[PDB]
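Heads up, the Cβs are rebuilt from the backbone with ideal geometry, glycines too, and the neighbour counts pull from every protein chain shown. Please treat every number below as a calculation from the coordinates, not as lab data.
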2 protein chains.
Amino acid sequence: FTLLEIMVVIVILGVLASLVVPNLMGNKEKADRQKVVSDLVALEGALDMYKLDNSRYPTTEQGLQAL
Amino acid sequence: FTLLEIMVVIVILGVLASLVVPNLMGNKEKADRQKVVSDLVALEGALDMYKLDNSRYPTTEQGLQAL
């Protein structure tokens, strides 16, 4: 109640917490790439639409907000 | 009252105190390990959270107090 209730658990605690290694850190950073690479085709491909109707692309100061 | 009240008890005293051996000393030292091992996953796992929002970990002088 004081020893068995504790000492047995102290082991179970560390035995549990020791061999529980879920994963790494930084996988999201790899995801940031495709998130931007996905934009690349989506950006140029979307701009091409505007390059069709107005037959041209927006100006720098005009920015992508024109899209 | 003087002998039976005493001599019988002197035996009962030693007979009792002799065969009453509860436990060891130092079990707490073993507990100190899991207490720190429990922190290990809890430390890195907690730091990983900060490694997510700010996308990185705190500096040495910044210490864990940043967490």
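Computed quantities for the displayed model
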| item | result |
| --- | --- |
| Top-ranked residue in the range A:36-67 [being in a helix (DSSP H, G or I) and touching a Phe, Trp or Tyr at 6+ places or on another chain (Cβ under 8 Å); ranked as farthest from B:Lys35 (Cα to Cα)] | A:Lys51 |
| Search result, residues across the range A:21-54 that are of a type in the set (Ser, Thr, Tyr) and under 30 Å from B:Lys51 (Cα atoms) | A:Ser38 |
| Selection count, the range B:12-35, where residues are surrounded by 10 or more Cβ atoms within 10 Å (Cβ to Cβ) and either within 9 Å of chain A (Cβ to nearest Cβ) or outside any helix (DSSP H, G or I) (or both) | 6 |
| Residue pairs meeting the criteria (Cβ under 8 Å; at least 6 apart or on separate chains; first under 14 Å from A:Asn27 (Cα atoms) and at the interface with chain A (Cβ under 10 Å from one of its Cβ atoms), in the range B:48-61; second surrounded by 10 or more Cβ atoms within 10 Å (Cβ to Cβ) and among the aliphatic types (A, V, I, L, M)) | B:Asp48/A:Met25; B:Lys51/A:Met25; B:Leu52/A:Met25 |
